[PDB]
Structure formats: C-alpha cells, structure tokens
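Novice:
Chains as they are written, first to last, in this note's numbering: chain S, 4 to 249; chain Z, -10 to 235.
1. What residues from chain Z crowd round residue 165 of chain S, counting only those whose CB sits closer than 8 Å?
2. Spatial neighbours of residue 100 of chain Z within its chain, please: C-beta separation below 8 Å, excluding the five flanking residues on both sides.
3. Using a Cβ-Cβ cut-off of 7 Å (strictly less than) and excluding sequence neighbours within five positions of residue 229 of chain S, which residues of its own chain qualify?
4. Residues in the stretch 29 to 52 of chain Z with C-beta within 9 Å of chain S's C-beta atoms, listed in sequence order?
5. So for residue 9 of chain S, helix, strand or coil by DSSP?
6. Determine, using beta carbons only, whether residue 241 of chain S and residue 29 of chain S come nearer to each other than 9 Å.
7. Count the other C-beta atoms from every protein chain shown that fall within 10 angstroms of the C-beta of residue 174 of chain S, then say buried if there are 16 or more, exposed otherwise.
8. Can you name the start and end residues of the alpha helix (DSSP H) that residue 24 of chain Z belongs to?
9. Let me check one thing: in DSSP terms, what residues is residue 48 of chain S bridge-paired to?
10. Where do the ends of the beta strand (DSSP E) carrying residue 26 of chain S lie?
11. Per DSSP, which one or two residues make a beta bridge with residue 229 of chain Z?
12. Less than 9 Å separating the beta-carbons of residue 80 of chain S and residue 46 of chain S?
13. Just mark residue 199 of chain S as buried or exposed, buried being the case when its beta carbon has 16 or more other beta carbons within 10 Å.
14. Could you round the C-beta distance between residue 246 of chain S and residue 32 of chain S to whole angstroms and report it? I think they count as a contact, below 8 Å.
15. Would you mind telling me which residues of chain Z sit closer than 9 Å to residue 263 of chain S, beta carbon to beta carbon, in chain order?
16. Excluding the 5 residues flanking residue 211 of chain S on each side, which residues of the same chain have their C-beta closer than 7 Å to its C-beta?
17. Tell me, please, whether the stretch 84 to 93 of chain Z touches the stretch 58 to 72 of chain Z by the rule of three or more beta-carbon pairs shorter than 8 Å.
18. Helix, strand or coil: how does DSSP classify residue 96 of chain Z here?
19. Work out the CA separation of residue 229 of chain Z and residue 222 of chain Z for me, nearest whole Å.
20. Would you list the one or two residues that DSSP bridges to residue 117 of chain S?
21. Would you say residue 104 of chain Z and residue 71 of chain Z are within 9 Å of each other, going by their C-beta atoms?
22. For residue 41 of chain S and residue 73 of chain Z, what's the separation of their Cα atoms in angstroms?
23. So, residue 75 of chain Z versus residue 133 of chain Z, is the Cβ gap smaller than 9 Å?
24. Between the alpha carbons of residue 78 of chain Z and residue 219 of chain S, how many angstroms are there, rounded?
25. I'd like to confirm the pairing. Which residues does DSSP put opposite residue 214 of chain Z in its beta bridges?
26. Would you tell me roughly how many angstroms separate the C-alpha atoms of residue 8 of chain Z and residue 55 of chain S, rounded to the nearest one?
Rendered as structure tokens:
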C-alpha cells in the first residue's frame, strides 16, 4: 500500500505576505500525517524561512537542484546546502525546466542521483507534449524514466510525477481516465524494468490540473497515488486536496 | 562613479558557514560613502542574508528570470526579490552563459525586466581563453550591444568584466590588461550612450580577485570596483571591501 502523496509546487510566485498566509494556513489544517505525505515546494528564496515556519509534519522541497557538489555554479541550488537547512525534498525535471531551460533526460537523471545520494527525496517529473501524444506517449515517458534508471539504483525515495504537458494551454482538459491510462503504463514500465516490488511501492502522482472537488474522482482510478498540485497549491483549495481522505 | 565591491558566493554555503561569513561582514568597519558593497548568496539564503547582514550592505540574487510571477518552476522572481528587500541581481554571469547557454539576448531581457521591477543589475560580460587571442573587444561589445538594444536607462546598471579565463583559474588579469578592456568598454558606452552616461557607468573587474592582488588595481582609473568570487567566502573579503577607503 503506497502512502498518499500531495506536493504543492508554488512555481515562480510569492510575496512575504502571501507566503506567510500560505504557511499559516498549512500550520492550522488538521493533518493526519499517517495517511498523507505533504510537501510544499516554494520559490527558491523562501526555502529556509518556509522550513523554519511550517510545522514539521509538512515537508519542504526545492523546485530544482544542480547535479554537483558545492562550487562555482552561479544561480544554482546545491543539494548539500538544501538538506543542511532541513529541506529534504526536491523536484527534478519539471516540464517547465525541460521545455524553457531544455534540461535533458540525462541532466535530470544526474540531478536525481546526486540529490538522492545527499539524502533528499526526489519528485522526478515526466510527461509528453501534444505533438508526442499523437503516437508516442508511452515511448516518451519510458525514455524519460530510462534515463533516470540508468543512473539510480535505489527508488525508495523517488516519487514520479506525471505531467500531461499536452493538456497545458491547449484547451484540452485531461480527464482522470486519460491520466489512469498513463499511470498504468508507468507502473508497467517500472514492473518490467525494476521488478514488481519496486513498481508496487512506487508513488506515481498526477501533475495535471486538479482541485479538491475532483481530487477524489482522480483517486478512484487504479494507479494514481497522489498529486503534484500547481496553481491550487497557492490557494485555500490546497487544503481540500491534502485532506481529501477526511 | 562610486567604487563598487560585490561578493559572489556562487553555489556554496551552509547554515553555520553563512552565519559566520555575514557576522564577519557585520563587524567590519565600512566607509559606505566611499564603497557600495553587495553580497550575492546562494538562492536559498537570500532572505536570511538580508535579515542578518547590516543595512549598509546590499543583498543581490545570483540570477533572475525575465518575466512577472508565473509558471517558471525553479526560477527567481524579480518582483519577489524586491518585495523582500533584495535590491540587486547578477545577470549573465559566465557560468550561466556557458553551463546554461544563456544568450546575449536572454541576458539583456533579464536585465531590462529586473531594472523595470526596481533592481540594480550587475550585468556580467567577458571573453574566453580562445576569444582572448584576437577577439576580446568583439565579444564584450557584442554582449553590451545586446543589453543596449533592450535597456534605455543605465543608471542602475553596473558592468562586470570577468575574463572567463580568469574565473576560478587563479590567473588574474593584470590591471594593465583590465584597464584597457575597461577603457574600451567606456569608449563603447560613450559612443552608444553618450559621454554623460559613460562617465557615470561603473565597470568592475572580476576574476581571481583576492586580498593579495586587490590594491594593484586601484591605480587604474577605469576600474570602478571588483566582483569577487571565491575570496568573498573568506575573511580576506574584509580587506577587499575596505581597501578603497584606506
């Protein structure tokens, strides 16, 4: 039985006031920590103050990390620095970084491997564009996942986030059935590549648009283990996703 | 032109080391009328650095994106920086141009947006080892022209000339070479922006500046300060920051 996982990706948003509000909101929500692993991923500059201010039952993660030890990489987040301040999670390979900053499959894998070695849990993001959806959905996520498998032996601290990039800004709303289809394919790939015990423990979270109302409709589908929430994670709605089981 | 000293911490730090580096700067006597001093910590420390370092010292990001708050996972927001009292940023550092392939045009776009949102920008330029053969001025003028194409007002720009071959290699440019590049940069600014703007423009030297070679630069009238790398994490930074005022 895989533990329900809800990540909140704030993206490149925030003010001092809005982050105080979000954090105080999370501190007063009734969390059953036994049945949900909750993590928020604030904009880089807020990482330490978010960890200081949000209660221990909520994880804090970076939105990106570099793949090397501390050194001369101006502008980057260090995995070593992150966990030294108590930031224990990170995203790698988010679609916005694969597209805007052309992060390669191999670069995402190397960041994942290094972050894991340094003690972080990695939410490794994958997903296909609309052109790739025409015929190559399986081939794309399989290729993205294989690059990670080439570098990473231990998947106990990986969770996979499936982003339906094809449904972003295309008028197309990705339905729960369409998500279930891909999540099943991801778990099939993991069974085939890593063995059944890894695949059955591996969280595969949906990273397309979701709210507290249809959260339950998505969780009715057989292979969806939680969510990487985008825009709703800045809003009170995030609490109804985190707390969906109660 | 007020002398400018920046300290680029790059992708370094721990809670313990960052607390003592800042405490070292807090208890260092400064002539703020004489030197504009700024430190650029790793992204995660931006808020705690602004909280802990005395008001006489500015804090800046090591990089910023070129758009308003939105869906750019992993990036620093210029609006968010300003909201929290971070009033500086680097753009175009050579490590970002080389590792992350930031173009002249992207750097110019970031510079313009950061300026519009209220930041002072240390726009970084410089030529490689191969370009040093015969193409030094072709390169820095091209990089500057891209900035001028997007930016009308240079009041809150500082130019940092860091020869790539001098970054982290220990091979400091001699002041005599630095002076002539800066003289060409000021010649370019005179022609492009007018003598008045050119005469107020800070052009600072970066590249293996340390407490032992700092003084030699002060005799050259087109070198308006330093962008210090590895030495900015060391107690000798306390020299470089004050050495103009001695």
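Note that CB positions come from ideal geometry on N, CA and C, so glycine has one too.
Specialist: This is what the structure gives:
1. Along the first chain, one-based indexing puts residue 165 of chain S at 162. Neighbours of residue 165 of chain S in chain Z, taken as residues at a C-beta separation under 8 Å, are lacking, since the least C-beta distance is about 15 Å.
2. Against the second chain, residue 100 of chain Z aligns to sequence position 111. Taken in chain order, the residues that qualify are 80, 81, 110, 112, 136, 139, 140 and 146.
3. Here residue 229 of chain S refers to the residue found at position 226 when the first chain is read from its first residue. Counting only residues of its own chain and dropping the five nearest sequence neighbours on each side, residue 229 of chain S has a CB closer than 7 Å to the CB of 7, 8, 9, 206 and 208.
4. Listed in sequence order: 29, 31, 32, 33, 34, 35, 36, 37, 40, 50, 51 and 52.
5. Here the question's residue 9 of chain S lines up with position 6 in the first chain. Reduced to three states, the DSSP call for residue 9 of chain S is strand.
6. Taking the first chain and counting its residues from 1, one reaches residue 241 of chain S at position 238. Taking the first chain and counting its residues from 1, one reaches residue 29 of chain S at position 26. Their beta carbons are under 9 Å apart, which means residue 241 of chain S touches residue 29 of chain S by this criterion.
7. Here residue 174 of chain S corresponds to residue number 171 of the first chain, with the count starting at 1. Counting the other Cβ atoms within 10 Å of the Cβ of residue 174 of chain S gives fewer than 16, which makes it exposed.
8. Working through the second chain from its first residue, we reach residue 24 of chain Z at position 35. Not the alpha helix (DSSP H): residue 24 of chain Z falls in the beta strand (DSSP E), residues 24 to 29.
9. If you number the first chain from 1, residue 48 of chain S lands on position 45. In DSSP, residue 48 of chain S forms no bridge with anything.
10. Along the first chain, read from residue 1 onward, the residue named residue 26 of chain S stands at position 23. Going by DSSP, residue 26 of chain S is part of no beta strand (DSSP E) but of the alpha helix (DSSP H) stretching over 19 to 31.
11. By one-based count along the second chain, residue 229 of chain Z stands at place 240. In the DSSP output, where bridge partners are listed per residue, residue 229 of chain Z has none listed.
12. Residue mapping note: residue 80 of chain S aligns to position 77 of the first chain, counting from 1. Residue mapping note: residue 46 of chain S aligns to position 43 of the first chain, counting from 1. Contact flag unset, no.
13. Locating residue 199 of chain S in the first chain gives position 196, counting from the first residue. Residue 199 of chain S is classed as exposed because its beta carbon has fewer than 16 other beta carbons within 10 Å across all chains shown.
14. Position 243 of the first chain, counted from the first residue, corresponds to residue 246 of chain S. Position 29 of the first chain, counted from the first residue, corresponds to residue 32 of chain S. That belief holds up - the Cβ atoms of residue 246 of chain S and residue 32 of chain S are roughly 6 Å apart, short of 8 Å.
15. Only positions 4 to 249 of chain S appear in the structure, and residue 263 of chain S is not among them; the question remains open.
16. Translated into the one-based positions of the first chain, residue 211 of chain S becomes position 208. Result list for residue 211 of chain S: 166, 167, 170, 177 and 182, in chain order.
17. A contact is defined here as three or more CB-CB pairs under 8 Å, and the stretch 84 to 93 of chain Z fails this definition with respect to the stretch 58 to 72 of chain Z.
18. Here residue 96 of chain Z corresponds to residue number 107 of the second chain, with the count starting at 1. Reduced to three states, the DSSP call for residue 96 of chain Z is helix.
19. Position 233 of the second chain, counted from the start, is the residue given in the question as residue 222 of chain Z. Position 240 of the second chain, counted from the start, is the residue given in the question as residue 229 of chain Z. Between residue 222 of chain Z and residue 229 of chain Z, the alpha-carbon positions lie close to 12 Å from each other.
20. The residue given as residue 117 of chain S occupies position 114 in the first chain. Partner residues in a beta bridge of residue 117 of chain S, as assigned by DSSP, do not exist.
21. As a first step, residue 104 of chain Z must be located in the second chain, where it is residue number 115. As a first step, residue 71 of chain Z must be located in the second chain, where it is residue number 82. Going by C-beta atoms, residue 104 of chain Z is not nearer than 9 Å to residue 71 of chain Z.
22. For the purposes of this step, residue 41 of chain S is identified with residue 38 of the first chain, where counting begins at 1. For the purposes of this step, residue 73 of chain Z is identified with residue 84 of the second chain, where counting begins at 1. CA-to-CA, the gap between residue 41 of chain S and residue 73 of chain Z works out to about 26 Å.
23. For the purposes of this step, residue 75 of chain Z is taken as residue 86 along the second chain, with counting starting at 1. For the purposes of this step, residue 133 of chain Z is taken as residue 144 along the second chain, with counting starting at 1. For residue 75 of chain Z and residue 133 of chain Z, no; Cβs fall outside 9 Å.
24. One-based indexing of the second chain puts residue 78 of chain Z at position 89. One-based indexing of the first chain puts residue 219 of chain S at position 216. Taking the straight line joining both Cα atoms gives about 43 Å.
25. By 1-based counting over the second chain, the position of residue 214 of chain Z is 225. Paired residues: Z:-7.
26. Counted from its first residue, the second chain places residue 8 of chain Z at position 19. Counted from its first residue, the first chain places residue 55 of chain S at position 52. A straight line joining the alpha-carbon of residue 8 of chain Z with that of residue 55 of chain S spans about 15 Å.
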